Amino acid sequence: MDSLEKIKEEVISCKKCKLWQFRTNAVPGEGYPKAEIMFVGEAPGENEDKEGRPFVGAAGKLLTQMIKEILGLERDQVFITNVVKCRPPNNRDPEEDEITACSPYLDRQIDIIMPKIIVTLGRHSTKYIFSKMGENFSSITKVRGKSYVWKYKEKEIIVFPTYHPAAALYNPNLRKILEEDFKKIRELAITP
């Protein structure tokens, strides 16, 4: 039967799409298997590729700070991954065939974890999860900052799209919006 350990083993040696040829390390994701909050980013950047870990660049440091200061959580208490788990060449966006190849890993991670909340960081992860939900995706600007109920198996999962933290690094206005969004995520997390 499936497990997060099995998914990690498969990802680390995966050659299911052409992205494998460009990587230093695949990035399977990390965190608590019973996380109430699951964060899903786009694809690994350069530092993520180097470390084999999600959100470790400057952007990841900001994410960590927001999780700590606004949500009141350590990274070990949440689960963090990416819709595509290898760094696209020259940091381009992932192709549709790459998302198709890799996203079953994310499906399997969600299946196992069944978080209360999935926070989709950026337009690619948001569009992907919306496609799985059957929810209409317009743009990240139009859908961010709202909760969407995803009836999934026996449970309800709250999907909360926001901007990717890298977008907030050098943009004070967008960072305040991201912070406000994390405040809303906090309220959702603590409310029965």
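Numbers for residues come from their place in the sequence shown, where the first is 1.
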statement: Ranked by mean Cα B-factor in the entry, 167 to 175 and 11 to 19, top stretch is 167 to 175
statement: For 62 to 70 versus 34 to 42, entry-based mean Cα B-factors point to 62 to 70
- line: The residue of 86, 113, 101, 117 with the maximal C-alpha B-factor according to the PDB record is 101
task: Taking the values exactly as deposited, rank residue 141 by C-alpha B-factor within its chain and report the matching third: lowest, middle or highest.
output: highest
message: Ranking the modelled residues of this chain by C-alpha B-factor as given in the entry, is residue 150 in the lowest, middle or highest third?
response: middle
field: Assigned third (lowest, middle, highest) for the C-alpha B factor of residue 156
entry: highest
Within-chain third of residue 188 by Cα B-factor, per the entry: middle
message: Quick check for you: using the entry's CA B-factors within this chain, is residue 27 in the lowest, middle or highest third?
response: lowest
